[PDB]
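Undergrad: Compact mmCIF, C-alpha atoms, saved as coords-v8.txt, coming up:
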```txt
# COMPACT_ATOMS: atom_id res chain seq x y z
CA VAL K 2695 0.00 0.00 0.00
CA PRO K 2696 1.28 3.55 -0.61
CA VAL K 2697 2.38 5.60 2.38
CA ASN K 2698 2.76 9.37 2.63
CA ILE K 2699 6.49 9.98 3.11
CA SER K 2700 5.55 13.25 4.81
CA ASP K 2701 4.51 11.29 7.92
CA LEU K 2702 5.49 7.73 8.85
CA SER K 2703 4.75 6.12 12.21
CA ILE K 2704 6.88 3.29 13.61
CA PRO K 2705 5.46 1.52 16.70
CA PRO K 2706 7.85 0.45 19.46
CA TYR K 2707 9.86 -2.69 18.66
CA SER K 2708 8.86 -2.95 15.01
CA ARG K 2709 10.34 -2.48 11.54
CA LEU K 2710 9.05 -0.50 8.56
CA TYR K 2711 10.16 -1.45 5.05
CA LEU K 2712 10.29 1.15 2.27
CA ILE K 2713 10.62 -0.45 -1.17
CA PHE K 2714 12.02 1.93 -3.80
CA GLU K 2715 12.67 1.77 -7.54
CA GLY K 2716 15.71 0.16 -9.13
CA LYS K 2717 16.33 3.05 -11.50
CA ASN K 2718 17.92 6.39 -10.59
CA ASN K 2719 19.18 6.70 -7.00
CA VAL K 2720 17.64 6.72 -3.53
CA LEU K 2721 18.36 9.91 -1.61
CA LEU K 2722 16.21 11.20 1.27
CA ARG K 2723 16.56 13.62 4.19
CA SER K 2724 14.72 12.65 7.36
CA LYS K 2725 13.85 13.99 10.82
CA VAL K 2726 12.90 11.82 13.80
CA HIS K 2727 10.41 12.71 16.54
CA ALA K 2728 9.63 10.74 19.67
CA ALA K 2729 6.07 10.37 20.90
CA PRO K 2730 5.35 13.02 23.57
CA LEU K 2731 4.53 11.40 26.91
CA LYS K 2732 1.18 12.89 27.96
CA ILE K 2733 0.79 13.10 31.74
CA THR K 2734 -2.78 13.87 32.83
CA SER K 2735 -2.92 12.33 36.32
CA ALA K 2736 -2.90 14.26 39.60
CA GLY K 2737 -1.05 14.10 42.89
CA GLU K 2738 2.48 12.70 42.80
CA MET K 2739 4.41 10.38 40.49
CA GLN K 2740 8.05 9.26 40.30
CA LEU K 2741 9.69 8.06 37.08
CA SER K 2742 12.38 5.40 36.85
CA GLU K 2743 15.64 6.30 35.13
CA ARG K 2744 14.93 4.58 31.81
CA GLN K 2745 11.36 5.90 31.90
CA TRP K 2746 12.68 9.41 31.29
CA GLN K 2747 15.57 8.10 29.18
CA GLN K 2748 13.21 6.56 26.61
CA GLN K 2749 10.98 9.50 25.69
CA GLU K 2750 12.64 12.87 25.09
CA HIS K 2751 9.50 14.98 25.61
CA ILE K 2752 7.09 14.83 28.56
CA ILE K 2753 4.10 17.17 28.43
CA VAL K 2754 1.78 17.46 31.44
CA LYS K 2755 -1.87 18.28 30.65
CA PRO K 2756 -3.60 18.87 34.00
CA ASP K 2757 -7.23 17.76 33.78
CA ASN K 2758 -8.06 19.26 37.18
CA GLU K 2759 -4.68 19.69 38.89
CA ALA K 2760 -1.07 19.24 37.82
CA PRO K 2761 0.79 16.35 39.50
CA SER K 2762 4.30 16.55 40.98
CA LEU K 2763 7.03 14.88 38.94
CA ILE K 2764 10.03 13.27 40.61
CA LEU K 2765 12.81 12.14 38.28
CA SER K 2766 15.24 9.57 39.68
CA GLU K 2767 19.03 9.39 39.31
CA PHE K 2768 18.79 12.56 37.21
CA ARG K 2769 22.13 14.38 37.21
CA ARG K 2770 21.84 17.89 35.81
CA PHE K 2771 24.53 19.15 33.45
CA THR K 2772 26.34 21.89 35.37
CA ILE K 2773 28.87 24.15 33.68
CA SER K 2774 29.43 25.91 37.02
CA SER K 2775 28.53 25.50 40.68
CA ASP K 2776 26.53 28.75 40.95
CA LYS K 2777 22.81 28.04 40.71
CA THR K 2778 21.80 31.56 39.68
CA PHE K 2779 24.60 31.77 37.10
CA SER K 2780 23.57 28.39 35.69
CA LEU K 2781 19.97 29.58 35.43
CA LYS K 2782 21.07 32.80 33.72
CA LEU K 2783 23.13 30.81 31.22
CA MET K 2784 20.31 28.35 30.51
CA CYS K 2785 17.94 31.26 29.92
CA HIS K 2786 20.41 33.08 27.64
CA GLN K 2787 20.87 29.94 25.50
CA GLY K 2788 17.26 30.10 24.28
CA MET K 2789 16.38 27.05 26.35
CA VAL K 2790 13.17 28.26 28.03
CA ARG K 2791 10.17 29.45 26.03
CA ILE K 2792 6.63 30.59 26.84
CA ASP K 2793 3.58 30.01 24.65
CA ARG K 2794 -0.05 30.41 25.83
CA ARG K 2795 -0.70 27.81 28.58
CA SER K 2796 2.66 26.21 27.80
CA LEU K 2797 5.93 26.67 29.68
CA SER K 2798 8.63 24.67 27.90
CA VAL K 2799 12.09 24.05 29.37
CA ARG K 2800 14.86 21.96 27.80
CA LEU K 2801 16.75 20.23 30.62
CA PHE K 2802 20.05 18.49 29.86
CA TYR K 2803 21.64 15.61 31.73
CA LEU K 2804 24.55 13.16 31.69
CA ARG K 2805 24.67 9.38 31.40
CA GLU K 2806 27.19 6.56 31.07
CA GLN K 2807 26.94 6.65 27.28
CA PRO K 2808 29.77 8.76 25.78
CA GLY K 2809 27.85 12.02 25.56
CA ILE K 2810 25.07 13.96 27.23
CA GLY K 2811 21.36 13.87 26.44
CA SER K 2812 18.43 16.28 26.47
CA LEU K 2813 14.87 16.21 27.77
CA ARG K 2814 12.20 18.82 27.00
CA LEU K 2815 9.39 19.32 29.52
CA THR K 2816 6.37 21.32 28.33
CA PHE K 2817 3.95 22.13 31.16
CA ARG K 2818 0.47 22.71 29.78
CA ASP K 2819 -1.93 24.82 31.86
CA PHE K 2820 0.67 26.82 33.74
CA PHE K 2821 -0.55 30.36 32.96
CA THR K 2822 -4.05 31.56 33.79
CA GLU K 2823 -6.64 31.71 31.00
CA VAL K 2824 -6.58 35.54 31.17
CA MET K 2825 -2.97 35.29 29.91
CA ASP K 2826 -3.68 32.90 27.03
CA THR K 2827 -3.08 35.84 24.66
CA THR K 2828 0.47 37.22 24.75
CA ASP K 2829 1.46 37.02 21.07
CA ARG K 2830 0.80 40.76 20.70
CA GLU K 2831 3.14 43.51 21.88
CA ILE K 2832 0.27 45.38 23.54
CA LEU K 2833 -0.63 42.37 25.69
CA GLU K 2834 2.95 41.66 26.77
CA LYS K 2835 3.40 45.35 27.59
CA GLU K 2836 0.20 45.21 29.65
CA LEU K 2837 1.46 42.16 31.55
CA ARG K 2838 4.89 43.77 32.07
CA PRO K 2839 3.74 45.39 35.37
CA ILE K 2840 2.77 41.93 36.62
CA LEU K 2841 6.24 40.73 35.59
CA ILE K 2842 7.96 43.50 37.57
CA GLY K 2843 5.51 43.27 40.47
CA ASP K 2844 3.57 40.19 41.56
CA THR K 2845 5.56 37.58 39.65
CA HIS K 2846 3.61 34.78 41.35
CA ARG K 2847 0.35 35.97 39.77
CA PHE K 2848 0.34 34.61 36.21
CA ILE K 2849 -0.06 31.10 37.64
CA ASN K 2850 -3.19 30.77 39.76
CA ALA K 2851 -3.13 29.48 43.33
CA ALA K 2852 -4.63 26.16 42.19
CA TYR K 2853 -1.28 25.01 40.77
CA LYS K 2854 0.88 26.75 43.39
CA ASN K 2855 0.91 23.62 45.57
CA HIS K 2856 2.88 21.72 42.90
CA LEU K 2857 5.43 24.16 41.46
CA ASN K 2858 8.73 22.27 41.76
CA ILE K 2859 10.48 19.21 40.33
CA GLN K 2860 12.68 16.80 42.30
CA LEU K 2861 15.69 15.75 40.22
CA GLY K 2862 18.21 13.13 41.30
CA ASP K 2863 19.99 15.41 43.77
CA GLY K 2864 18.65 18.91 43.04
CA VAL K 2865 15.31 20.69 43.13
CA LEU K 2866 14.19 22.97 40.30
CA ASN K 2867 11.47 25.53 41.03
CA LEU K 2868 9.54 27.07 38.15
CA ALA K 2869 9.28 30.52 39.75
CA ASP K 2870 13.02 31.14 39.45
CA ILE K 2871 13.19 30.24 35.76
CA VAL K 2872 10.14 32.30 34.81
CA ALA K 2873 11.60 35.21 36.81
CA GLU K 2874 14.91 34.97 34.94
CA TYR K 2875 13.08 34.76 31.61
CA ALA K 2876 11.18 37.92 32.54
CA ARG K 2877 14.42 39.63 33.55
CA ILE K 2878 16.21 38.80 30.30
CA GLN K 2879 13.14 39.88 28.33
CA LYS K 2880 13.23 43.26 30.08
CA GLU K 2881 16.98 43.91 29.85
CA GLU K 2882 17.24 43.06 26.14
CA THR K 2884 15.08 46.11 25.26
CA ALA K 2907 27.28 39.96 33.28
CA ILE K 2908 27.21 37.74 30.18
CA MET K 2909 28.66 39.23 27.00
CA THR K 2910 27.23 38.27 23.61
CA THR K 2911 28.80 38.70 20.17
CA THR K 2912 27.32 38.09 16.72
CA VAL K 2913 29.54 37.46 13.69
CA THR K 2914 28.80 36.24 10.16
CA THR K 2915 31.23 36.32 7.21
CA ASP K 2916 32.98 39.34 8.74
CA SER K 2917 35.82 40.23 11.13
CA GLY K 2918 38.58 40.08 8.54
CA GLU K 2919 41.48 41.82 10.25
CA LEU K 2920 44.62 40.69 8.37
CA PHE K 2921 44.86 37.27 9.97
CA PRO K 2922 47.73 35.78 7.90
CA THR K 2923 51.04 35.74 9.77
CA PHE K 2924 50.63 38.15 12.65
CA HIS K 2925 50.03 36.04 15.78
CA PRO K 2926 50.03 32.39 14.58
CA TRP K 2927 52.16 32.75 11.41
CA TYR K 2928 50.30 30.76 8.72
CA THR K 2929 49.04 27.17 8.77
CA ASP K 2930 46.52 25.16 6.74
CA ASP K 2931 44.26 26.66 4.06
CA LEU K 2932 42.88 29.18 6.53
CA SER K 2933 41.08 32.33 5.46
CA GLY K 2934 42.26 35.76 6.55
CA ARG K 2935 39.37 36.17 8.99
CA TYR K 2936 40.87 37.29 12.32
CA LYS K 2937 38.65 37.58 15.39
CA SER K 2938 39.89 37.18 18.97
CA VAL K 2939 37.88 36.86 22.18
CA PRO K 2940 38.05 39.90 24.50
CA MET K 2941 39.33 38.23 27.68
CA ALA K 2942 40.74 34.96 29.01
CA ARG K 2943 38.84 31.71 29.52
CA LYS K 2944 38.98 28.45 31.46
CA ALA K 2945 40.01 25.10 30.00
CA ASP K 2946 36.35 24.11 29.64
CA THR K 2947 34.38 25.08 26.53
CA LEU K 2948 30.73 24.43 25.67
CA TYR K 2949 29.47 23.92 22.11
CA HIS K 2950 25.75 24.33 21.36
CA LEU K 2951 24.00 23.49 18.09
CA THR K 2952 20.56 25.05 18.32
CA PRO K 2953 17.78 22.95 16.71
CA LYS K 2954 16.89 26.01 14.64
CA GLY K 2955 20.39 26.00 13.16
CA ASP K 2956 22.30 28.67 15.04
CA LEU K 2957 25.69 27.73 16.49
CA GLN K 2958 26.85 28.93 19.91
CA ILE K 2959 30.26 28.75 21.57
CA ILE K 2960 30.39 29.29 25.33
CA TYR K 2961 33.60 30.48 26.97
CA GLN K 2962 34.56 30.94 30.62
CA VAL K 2963 36.50 33.92 32.00
CA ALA K 2964 39.16 32.40 34.32
CA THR K 2965 38.39 34.90 37.09
CA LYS K 2966 38.08 33.65 40.65
CA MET K 2967 35.56 36.00 42.26
CA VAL K 2968 33.80 36.91 38.98
CA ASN K 2969 32.07 34.16 36.98
CA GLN K 2970 30.93 35.41 33.57
CA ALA K 2971 30.74 34.06 30.02
CA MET K 2972 31.28 35.34 26.48
CA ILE K 2973 28.71 33.63 24.27
CA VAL K 2974 29.58 33.87 20.57
CA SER K 2975 26.82 33.05 18.09
CA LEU K 2976 27.21 32.22 14.42
CA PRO K 2977 23.63 32.41 13.09
CA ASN K 2978 22.33 29.65 10.81
CA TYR K 2979 25.69 27.90 10.83
CA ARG K 2980 24.36 24.48 9.79
CA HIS K 2981 23.42 25.95 6.39
CA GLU K 2982 26.41 28.23 5.69
CA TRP K 2983 29.32 26.40 7.33
```
Transcribe the structure of this file into C-alpha cells.
TA:
Amino acid sequence: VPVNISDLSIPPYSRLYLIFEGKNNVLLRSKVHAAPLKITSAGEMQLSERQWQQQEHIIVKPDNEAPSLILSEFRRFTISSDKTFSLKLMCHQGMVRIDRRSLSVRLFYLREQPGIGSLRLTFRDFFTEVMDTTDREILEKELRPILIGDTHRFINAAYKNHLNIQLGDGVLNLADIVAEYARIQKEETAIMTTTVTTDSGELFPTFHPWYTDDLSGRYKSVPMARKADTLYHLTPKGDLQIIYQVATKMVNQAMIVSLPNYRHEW
C-alpha cells in the first residue's frame, strides 16, 4: 500500500520497510520525533531512570490539577557551581520558552553513554486563562507590570501547591526560571554576547600564529581569558553557539559567541 512519506509512524519494537525503484538513486533527508509522553494524572508520580531516558519529551496536561514529577538518578549538566549563574546561562541559551498555557524548558543531563542527552518538559496549563493571549506587543506590555511586580500571579493558586520538580539530587522551582526569563526579556530592550557572520577580517595571515593550513584571513579574537572548559551548542533552529569561561576567581561570567544559521552556511 502507498504511504505518505511526509509522515510515517513506527510503533515500538517494530520495523518499517520502504521499497524503492531500481532506476535512478535513492536519496532522502529525514527527521525523527519521539512520541510526547502525555501526563494527565494528579497528585504525585516518580519516574524510573529509563522511563525518562526513553521519551525525550514529557508534556503534562492537568485535567483538574497538575501532579508533581520526581525524576530519579537525574544528574543535571552543570557548567558551574553557581545556581543563579547556571539559570542565567540556561535562559540566555534560548532554552526556556513561553507560549499560551505552555511553559517549555529543555533540561540536559549526563549518562554513562559517551555524551550527554536532552529532555524537553512542556507544562500545559501553567498560565491563567486571562494570559492565554500574549502574542501581541500590547498584551505583553500590559502584563509587564505583573512581571515587575507580583511575579507569582500569572499562575493561579490552584497550581501553586505543585510548582517544583525533584531531580536526582537537586530541586528545580519554576518561579526562578520564569523570573529569569522575565528579567532577560526586560533587559534586552554579566554575560557578554557577540554576533559574527562572514565578517571580522582583520589581516589574519602571519601576525600572531604565522600561517598554517588553508585558513582564510578572517581574524577575530575573544576579548578576555577563559577556562580550559568550553561548551558547544548546536541550536535545533540552526544557530551555532560557543560558550567560553572567563578564568576569574571572584567573577564568573561568560562570552557567548553566536554564528547564526551555521548548519546551512558552514
Undergrad: Contacts of residue 2870 of chain K at 12 Å or less, counting all atoms listed in the file, minus same-chain residues fewer than 4 places along, as a PyMOL selection string?
TA: chain K and resi 2777-2782+2784-2785+2790+2845-2846+2857-2858+2865-2866+2874-2877
Undergrad: Fewer than 5 positions away in the same chain doesn't count, so skip those; otherwise give me all residues within 6 Å of residue 2973 of chain K, counting only C-alpha atoms, as an mmCIF file with C-alpha atoms, in the frame of the given file.
TA:
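Contents of the output file result11.cif:
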```
data_model
loop_
_atom_site.group_PDB
_atom_site.id
_atom_site.type_symbol
_atom_site.label_atom_id
_atom_site.label_comp_id
_atom_site.auth_asym_id
_atom_site.auth_seq_id
_atom_site.Cartn_x
_atom_site.Cartn_y
_atom_site.Cartn_z
ATOM 1 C CA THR K 2910 27.230 38.270 23.610
ATOM 2 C CA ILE K 2959 30.260 28.750 21.570
ATOM 3 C CA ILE K 2960 30.390 29.290 25.330
#
```
Undergrad: To one decimal in Å, tell me the separation between atom CA of residue 2917 of chain K and atom CA of residue 2942 of chain K.
TA: 19.3 Å
Undergrad: If we draw a sphere of 12 Å around (-3.1, 33.1, 29.3), which residues have at least one atom in it when counting all atoms listed in the file? Please report them as a list in words.
TA: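 Counting all atoms listed in the file, I find these residues within 12 Å of (-3.1, 33.1, 29.3): residues 2792, 2793, 2794, 2795, 2796, 2797, 2818, 2819, 2820, 2821, 2822, 2823, 2824, 2825, 2826, 2827, 2828, 2829, 2833, 2834, 2837, 2847, 2848, 2849 and 2850 of chain K.
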Undergrad: Report the distance between atom CA of residue 2758 of chain K and atom CA of residue 2864 of chain K in Å, rounded to one decimal place.
TA: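 Between these atoms lies a distance of 27.3 Å.
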Undergrad: I want to know what sits within 8 Å of residue 2764 of chain K, based on all atoms listed in the file, with residues of the same chain fewer than 2 positions away left out; could you give that as a PyMOL selection string?
TA: chain K and resi 2738-2741+2762+2766+2859-2861
Undergrad: Write out the residues from the selection above, keeping C-alpha atoms, as an mmCIF file, in the coordinates of the input.
TA:
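Output file out33.cif is given in full below:
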```
data_model
loop_
_atom_site.group_PDB
_atom_site.id
_atom_site.type_symbol
_atom_site.label_atom_id
_atom_site.label_comp_id
_atom_site.auth_asym_id
_atom_site.auth_seq_id
_atom_site.Cartn_x
_atom_site.Cartn_y
_atom_site.Cartn_z
ATOM 1 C CA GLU K 2738 2.480 12.700 42.800
ATOM 2 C CA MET K 2739 4.410 10.380 40.490
ATOM 3 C CA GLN K 2740 8.050 9.260 40.300
ATOM 4 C CA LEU K 2741 9.690 8.060 37.080
ATOM 5 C CA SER K 2762 4.300 16.550 40.980
ATOM 6 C CA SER K 2766 15.240 9.570 39.680
ATOM 7 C CA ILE K 2859 10.480 19.210 40.330
ATOM 8 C CA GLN K 2860 12.680 16.800 42.300
ATOM 9 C CA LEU K 2861 15.690 15.750 40.220
#
```
